[PDB]
Amino acid sequence: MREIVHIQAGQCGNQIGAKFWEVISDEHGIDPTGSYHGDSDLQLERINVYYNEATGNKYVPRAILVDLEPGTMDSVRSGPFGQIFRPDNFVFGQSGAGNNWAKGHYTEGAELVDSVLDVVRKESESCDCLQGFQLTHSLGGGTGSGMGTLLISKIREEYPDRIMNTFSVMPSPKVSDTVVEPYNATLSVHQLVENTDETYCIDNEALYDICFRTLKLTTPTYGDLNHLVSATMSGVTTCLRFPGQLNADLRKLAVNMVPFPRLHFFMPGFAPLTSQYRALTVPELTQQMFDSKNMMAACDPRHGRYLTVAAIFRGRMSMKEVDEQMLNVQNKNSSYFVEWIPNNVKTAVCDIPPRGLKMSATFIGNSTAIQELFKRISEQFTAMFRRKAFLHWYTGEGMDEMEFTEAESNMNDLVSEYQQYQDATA
Amino acid sequence: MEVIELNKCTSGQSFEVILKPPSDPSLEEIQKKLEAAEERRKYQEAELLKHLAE
Amino acid sequence: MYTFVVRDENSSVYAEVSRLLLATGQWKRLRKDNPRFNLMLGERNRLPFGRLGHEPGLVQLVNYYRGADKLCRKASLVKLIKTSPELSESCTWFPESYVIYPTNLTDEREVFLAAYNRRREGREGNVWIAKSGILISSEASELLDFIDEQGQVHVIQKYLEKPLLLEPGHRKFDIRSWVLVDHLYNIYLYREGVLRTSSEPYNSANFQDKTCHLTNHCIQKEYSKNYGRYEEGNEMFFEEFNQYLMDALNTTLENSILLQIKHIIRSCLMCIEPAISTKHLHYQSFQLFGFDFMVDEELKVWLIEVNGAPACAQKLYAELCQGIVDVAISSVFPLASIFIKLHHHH
Amino acid sequence: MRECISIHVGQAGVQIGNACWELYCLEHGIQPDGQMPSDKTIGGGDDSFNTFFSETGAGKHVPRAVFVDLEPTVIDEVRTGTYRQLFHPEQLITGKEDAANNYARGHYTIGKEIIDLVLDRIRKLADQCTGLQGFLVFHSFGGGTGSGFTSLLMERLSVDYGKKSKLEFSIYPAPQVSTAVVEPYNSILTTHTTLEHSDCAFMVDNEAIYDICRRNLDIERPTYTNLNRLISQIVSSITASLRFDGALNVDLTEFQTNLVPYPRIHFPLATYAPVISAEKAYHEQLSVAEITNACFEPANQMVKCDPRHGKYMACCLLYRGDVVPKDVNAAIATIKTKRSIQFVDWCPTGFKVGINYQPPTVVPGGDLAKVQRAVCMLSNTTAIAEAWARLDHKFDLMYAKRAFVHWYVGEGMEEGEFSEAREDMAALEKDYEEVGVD
Ligand SMILES: Nc1nc2c(ncn2[C@@H]2O[C@H](COP(=O)(O)OP(=O)(O)OP(=O)(O)O)[C@@H](O)[C@H]2O)c(=O)[nH]1
Ligand SMILES: Nc1ncnc2c1ncn2[C@@H]1O[C@H](COP(=O)(O)OP(=O)(O)CP(=O)(O)O)[C@@H](O)[C@H]1O
Ligand SMILES: Nc1nc2c(ncn2[C@@H]2O[C@H](COP(=O)(O)OP(=O)(O)O)[C@@H](O)[C@H]2O)c(=O)[nH]1
Ligand SMILES: Oc1cccc(CN2CCSCC2)c1
Ligand SMILES: Oc1cccc(CN2CCSCC2)c1
Ligand SMILES: [Ca+2]
Ligand SMILES: [Ca+2]
Ligand SMILES: [Ca+2]
Ligand SMILES: [Mg+2]
Ligand SMILES: [Mg+2]
Ligand SMILES: [Mg+2]
């Protein structure tokens, strides 16, 4: 009984969160009304990790939906599995955050944070033994970014020894809503470096490129990008939701994936990504999964080195052939794996494949290549900040310039820390 | 090549064959260790909550 | 795509093997500390055999046999020949030798004197050579005082007073043979050997000047005054040496000497095979050896020593180093005969 | 009759313990409900098997075992498995959350809160023993509980039971069957603080058990169940002398007396043969000479190393099945003429031999074939130091960057314990070389 409390905040956070519950509810046999209609005991084995059990055999997601405007959570409540969510777990305001980190973190968000924690506390008080928390949000807006990181800070204060996990959508000028995204992202990365234990970086540019070039989607939509996020989220949580010879709770994952506390930002990858009925052999899954075009970080792993790698293979396949393929990828590209962490590539197998797939592979890498994602943000940030462009939106909410300088210095330090271990040798 | 100490019973036997002759911390101390580690965990937590209170 | 690491930057041999491996476009060299390798060109001293063969999915191979030092150590070889029933103390191709420890430190001091006195009383030639800094003397009092002034172990063996002298020149020489043992413990003899000849006339009435007695390439090119007269670099190859044996002795290198060399190589290597074989081991070994021989005036071949990290003759590096890649490395890591197999019972 | 209490710590210890007691029951004719028809003394008796089993008035034969884990999911398998009836609930102890593969967490943070309870439960077993010999402690090196809490338990045991032997069955970390990266840290931390408290420790390298299961049993990808049944065969071979009538290794103190000349060098090498696939059409039954010779093949060793290049200090041959002393000495003589068996100059070149006529028992439907004779050789070789070198090298690579160190410091451990523990292993490696190398 290792329960996880899920929190989804802001527009992006709730749209990706909704599709995630839609995906795993299907995998666990839960229908849109909370009733289990599965055919395997493996589906109910670890069902309590993400779902609460009510009367009448109903399963209710342990999910808290947060936003500063009602629009997005109304769409969820009326969406496919909207009925499945606990009515009391909808916590929203009316003002909105105006894509302004300071509003979500300081002004509008502070006015709403206490009631979110009341719901968080209610969910935690009923867990037999709480693993930790997972947050879905974007970094480029105001609510998920600014209030999201405020919620993390207060959860740290009340649950200092629980694992704090996030799925964080990084902005990109190619898939941008506002010019202030680099400001909001830089401020959030500062909070994340200090308060989260594991952050899966999801780059909207990578999601876009994959939809355009690999999937052959002429005009991708946010819905298309969120399908990749749903799939990736289901993959990285497979070994928490299903039985296997792996166990793996949140803390044990962090211990083996994070050699240094600041460097806890992961690049996730998924395969297949086909535009379809063809059977994909194990070598095809492993070549694709590790290809850059299959990664959601918009970072070229060949530009850095893997500190640690964790992969899961789903479906009925040769477990011997899986080891042969994973061992072949490292022993044929050894320059991109650090040699001072023995056996830093680990693989797990699960027999239940995702919906509509004979088999799949998801992997997370703690790679120093991620530094290029932070360099891009830092570049866009300084271009505007050097001229103080758009700052009045933030100073008008009580923030001072010094707080921007601190967040920038800290993120630039993070880049230097990655570059330090990228050159390290035995 | 000598055998010695041949013991036999109903469920087996045992013998020796020679081929060539030759040529703590107290309970208190453990408590201090544990409680010292607990204290250092309390200090680190205090610095977190102190940092968070600021 | 195979990977290897180099850990002996002073090996002229495996530097060429390294330069060849990379030339095939199918081998990738890693840092000397990267443990994810298929092939290790290891260090001469303290090679960490204990860490080989524990990488999942990696078949690992090393260019040294753990335990071959029993053969390539002066003192170790003497003990091995005297204590191994396969070789016995009656071994007819190894000079009478004794392990002697300096007095400032088992030891065969007295046993050496017993044989020496026998030779002095019987008028027989009683000259010996000590080594571990070499000294040749016909008096026992001198050889022992030389080992005590040092601090390491020394061996004293009979000096071959009747060596085969090449003509013209009336000069000494030794024979170097290269032998490659692969992971299957096949014993391969390189078809090419070299003679390291003395450029000075052999003088049996004066062991003070060690230039006509020590045929080492370093002692001839530094102290000898006739370097390169008879043969370039004081090195004569089998083709010339064989033709000389036919013109002078009306015999052949194969019949007169090479059969004995092959017998000695087999005897030494088969003796230690149970102790060093990697057949049933989690990692695989191969190794190149340098056997040093002496031929006497009766055309009897004597074993001098066995070098575990030998160099090669400049004119023979290319062919031999390619042969190491062919039979030793590619045999285990195939890509996309210059040796003589000395068959035996495994 | 003197009792032996088995302690199983963490996932590996518990799952191995489950596989051993299953085997013990089949070996002594005990059903899963605890009943033993062959036992004519009801509710008591001082037979040989009573060293490991107590008796209730109702005729149940209860293992003298304690199962301890900081998380309940593995022990809950014992509570509802086939042998749920053998143990009463007090013997199965489980916490709420594990040590997350963090030695410091199992030793300091969580160990501090559950140690007194585990001692209390063990005291309940000691009070049932008229003459307790000592403890057998099963655990992994890599787990946060198997490494961290075990070392704390071993310290307390030396306090509460000073004059009692303690033996270890330790699982040495292998990458092929582990998803943890910090196990070299845990292995060295636990060995350092446990060294002075363990009298004899049998390391089993998962790499060796994995290869034997792929090579001999033809399992493409062995599971923990496959590995644990093979391991329990070796444990059974080693503990059979305490559970059956015999004259060799009759009490725990004999393992130290026969196998450990120097206290720090208390890690004997185990070799077992034959391992035969049950799915095989039908194997040709091996002889005493053949299985004895197999004891000197690295492929049958619980830890892969080269005993040819170490030195032996002691050597024990434990046979089970159709074996007579005549065949043993004849096979031994032959092996000395063909093998590189070098003893230290201050030890006799001999073998202690034990034969139990009852052949190896195998779990029905398992992977192991029923054989007429098997042998387990326990030898104290300097060659097992190779395992410390391998482990120490992995430790050095990560510690040179302080990788993962923060996780231990965060739980209350001082960074100085890493270097103190590493320097102890450097000295242990030096001791092995002072005895074996010339
Ligand atoms: N042979 C064998 N090894 C096991 C078994 N279970 C775990 N291991 C090994 O033990 C190591 C991991 O330690 P665990 O025993 O699982 O961890 P733990 O002792 O429960 O402590 P925690 O970290 O709190 O979970 C890895 O090297 C595994 O390969 C088992 O059943 N048999
Ligand atoms: N018993 C003996 N009788 C005659 N000559 C001998 C001899 N022992 C050594 N030599 C001479 O010494 C030379 C070999 O010396 P040795 O090989 O022992 O020293 P070393 O090992 O430092 C040189 P290398 O290893 O390169 O061959 C030979 O050329 C030989 O002529
Ligand atoms: N992948 C994805 N990105 C989104 C989605 N909605 C918004 N974004 C991105 O998130 C940022 C806008 O933040 P948003 O979540 O709308 O702000 P908030 O509602 O105040 O938290 C921009 O970088 C958008 O590109 C979505 O549904 N999917
Ligand atoms: O930047 C930080 C400094 C200290 C602690 C943390 C939180 N966390 C990171 C992942 S490892 C466990 C600890 C972040
Ligand atoms: O620590 C681990 C080692 C191997 C596999 C896993 C499971 N999983 C984690 C989320 S990403 C996909 C892989 C964990
Ligand atoms: Ca307001
Ligand atoms: Ca009884
Ligand atoms: Ca003690
Ligand atoms: Mg928006
Ligand atoms: Mg030499
Ligand atoms: Mg556990």
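Laboratory data are not the source of any read-out in this text; all were calculated from the coordinates shown. Ideal geometry is used to build each Cβ from the backbone, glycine not excepted, and the neighbour counts take in all protein chains shown.
Between A:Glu45, A:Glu3, which is acidic (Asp, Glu), within 14 Å of another protein chain (Cβ to nearest Cβ) and either within 16 Å of ligand 10 (Cβ to nearest atom) or in contact with a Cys (Cβ under 8 Å, 6 or more places away or on another chain) (or both)? Result of the check over A:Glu45, A:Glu3: A:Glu3.
Looking across region A:184-198, the residues that are crowded, with 21+ Cβ neighbours inside 10 Å, closer than 22 Å to A:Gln380 by Cα and not β-branched (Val, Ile, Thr) come down to A:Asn184, A:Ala185, A:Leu187, A:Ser188, A:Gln191, A:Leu192. Candidates are the residues of region C:291-327 that are closer than 21 Å to C:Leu184 by Cβ and within 19 Å of the chain's Cα centre (by Cα); the one that is surrounded by the fewest Cβ atoms within 10 Å (Cβ to Cβ) is C:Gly308. Counting just the residues of region D:188-218 that are part of a helix (DSSP H, G or I) and within 14 Å of chain B (Cβ to nearest Cβ), which one comes out surrounded by the most Cβ atoms within 10 Å (Cβ to Cβ)? Going through the qualifying residues, I end up with D:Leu189. When region D:174-187 is filtered for residues that are surrounded by fewer than 24 Cβ atoms within 10 Å (Cβ to Cβ) and either among the small types (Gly, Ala, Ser) or more than 8 Å from every other protein chain (Cβ to nearest Cβ) (or both), the ones remaining, listed by number, are D:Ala174, D:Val177, D:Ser178, D:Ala180.
Tell me, please, whether a residue that is under 24 Å from D:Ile238 (Cβ atoms) and in contact with a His (Cβ under 8 Å, 6 or more places away or on another chain) can be found in region D:43-53. Yes, region D:43-53 contains at least one residue that is under 24 Å from D:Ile238 (Cβ atoms) and in contact with a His (Cβ under 8 Å, 6 or more places away or on another chain).
Within region C:196-217, does at least one residue satisfy the condition of being surrounded by 13 or more Cβ atoms within 10 Å (Cβ to Cβ), farther than 26 Å from C:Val127 by Cβ and away from ligand 4 (no atom under 16 Å from the Cβ)? There is no residue in region C:196-217 that is surrounded by 13 or more Cβ atoms within 10 Å (Cβ to Cβ), farther than 26 Å from C:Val127 by Cβ and away from ligand 4 (no atom under 16 Å from the Cβ).
Scan region A:64-78 for residues that are in contact with a helix residue (DSSP H, G or I) (Cβ under 6 Å, 6 or more places away or on another chain) and not in a helix (DSSP H, G or I) and the total you get is 5. Exactly one residue out of C:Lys162, C:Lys225 is in contact with a strand residue (DSSP E or B) (Cβ under 6 Å, 6 or more places away or on another chain) and surrounded by fewer than 18 Cβ atoms within 10 Å (Cβ to Cβ), and it is C:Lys162.
Yes or no, residue by residue, for (1) assigned to a helix (DSSP H, G or I); (2) more than 10 Å from every other protein chain (Cβ to nearest Cβ); (3) of a type in the set (A, V, I, L, M):
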site: A:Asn247; (1), (2), (3): no, no, no
site: A:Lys252; (1), (2), (3): yes, no, no
site: A:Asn256; (1), (2), (3): yes, no, no
site: A:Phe260; (1), (2), (3): no, no, no
site: A:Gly269; (1), (2), (3): no, yes, no
site: A:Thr274; (1), (2), (3): no, yes, no
site: A:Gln288; (1), (2), (3): yes, yes, no
site: A:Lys293; (1), (2), (3): yes, yes, no
site: A:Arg302; (1), (2), (3): yes, yes, no
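Let's see how each residue does on (1) within 11 Å of another protein chain (Cβ to nearest Cβ); (2) acidic (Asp, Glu); (3) surrounded by fewer than 17 Cβ atoms within 10 Å (Cβ to Cβ):
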position	(1), (2), (3)
C:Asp8	no, yes, no
C:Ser12	no, no, yes
C:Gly25	no, no, yes
C:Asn45	no, no, yes
C:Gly50	yes, no, no
C:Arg66	yes, no, no
C:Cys72	no, no, no
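Residue count for region A:230-251 satisfying the condition of being closer than 22 Å to D:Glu97 by Cα, within 9 Å of ligand 5 (Cβ to nearest atom) and out of contact with any helix residue (DSSP H, G or I) (no Cβ under 8 Å at 6 or more places or on another chain): 4. When A:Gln419, A:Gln371 are checked against the criterion of being part of a helix (DSSP H, G or I), within 24 Å of the chain's Cα centre (by Cα) and surrounded by fewer than 19 Cβ atoms within 10 Å (Cβ to Cβ), A:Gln419 stands alone in meeting it. Here D:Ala104 passes the criteria (1) in a loop (DSSP other than H, G, I, E, B); (2) within 14 Å of chain B (Cβ to nearest Cβ) except the one numbered (1). Applying the criterion of at least 3 residues that are under 23 Å from the mean Cα position of the chain (by Cα) to the strands (runs of 3 or more DSSP E) found wholly in region C:89-186 leaves C:97-100, C:128-131, C:154-158, C:171-181. For region A:125-166, what are the residues that are among the small types (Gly, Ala, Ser) and within 14 Å of another protein chain (Cβ to nearest Cβ)? Selection gives A:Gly132, A:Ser153.
Out of all the residues in region D:374-409, which are outside any helix (DSSP H, G or I) and under 15 Å from D:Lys311 (Cα atoms)? If the condition is that a residue be outside any helix (DSSP H, G or I) and under 15 Å from D:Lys311 (Cα atoms), then D:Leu378, D:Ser379, D:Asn380, D:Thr381 are the ones that fit.
Among the residues of region A:343-354, is any part of a loop (DSSP other than H, G, I, E, B), within 11 Å of chain C (Cβ to nearest Cβ) and touching a helix residue (DSSP H, G or I) at 6+ places or on another chain (Cβ under 8 Å)?
Taking every residue of region A:343-354 in turn, at least one turns out to be part of a loop (DSSP other than H, G, I, E, B), within 11 Å of chain C (Cβ to nearest Cβ) and touching a helix residue (DSSP H, G or I) at 6+ places or on another chain (Cβ under 8 Å).
Can you say whether A:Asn52 is among the polar types (S, T, N, Q), within 23 Å of the chain's Cα centre (by Cα) and crowded, with 22+ Cβ neighbours inside 10 Å, as far as the supplied structure shows? No. Among the candidates C:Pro56, C:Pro35, the residue that is of a type outside the set (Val, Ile, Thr), surrounded by fewer than 21 Cβ atoms within 10 Å (Cβ to Cβ) and either part of a loop (DSSP other than H, G, I, E, B) or more than 14 Å from chain A (Cβ to nearest Cβ) (or both) is uniquely C:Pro56. Under the condition of being touching a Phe, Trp or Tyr at 6+ places or on another chain (Cβ under 7 Å) and within 14 Å of chain B (Cβ to nearest Cβ), the residues counted in region D:111-144 number 1.
Of all positions in region D:297-316, at least one carries a residue that is in a strand (DSSP E or B) and over 25 Å from C:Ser277 (Cβ atoms).
Out of the residues in region C:157-183 that are near ligand 2 (Cβ under 8 Å from one of its atoms) and among the basic types (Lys, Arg), state the one that is farthest from the other protein chains (Cβ to nearest Cβ). Per the criteria, the residue is C:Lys172. Taken as a whole, the condition of being surrounded by 13 or more Cβ atoms within 10 Å (Cβ to Cβ), within 14 Å of chain B (Cβ to nearest Cβ), away from ligand 4 (no atom under 16 Å from the Cβ) and within 18 Å of D:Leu125 (Cα to Cα) applies to D:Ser48.
Here's the yes/no breakdown for (1) more than 16 Å from ligand 10 (Cβ to nearest atom); (2) within 14 Å of chain D (Cβ to nearest Cβ); (3) assigned to a strand (DSSP E or B); (4) touching a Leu at 6+ places or on another chain (Cβ under 7 Å):
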| residue | (1), (2), (3), (4) |
| --- | --- |
| C:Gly233 | yes, no, no, no |
| C:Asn242 | yes, no, no, yes |
| C:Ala248 | yes, no, no, no |
| C:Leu259 | yes, no, no, no |
| C:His263 | yes, no, no, no |
| C:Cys268 | no, no, no, yes |
| C:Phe289 | no, no, yes, no |
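Considering region A:1-27 alone, what residues qualify as being among the charged types (D, E, K, R) and either more than 23 Å from A:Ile352 (Cα to Cα) or over 14 Å from the mean Cα position of the chain (by Cα) (or both)?
Hits for region A:1-27 are A:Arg2, A:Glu3, A:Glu22, A:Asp26, A:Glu27.
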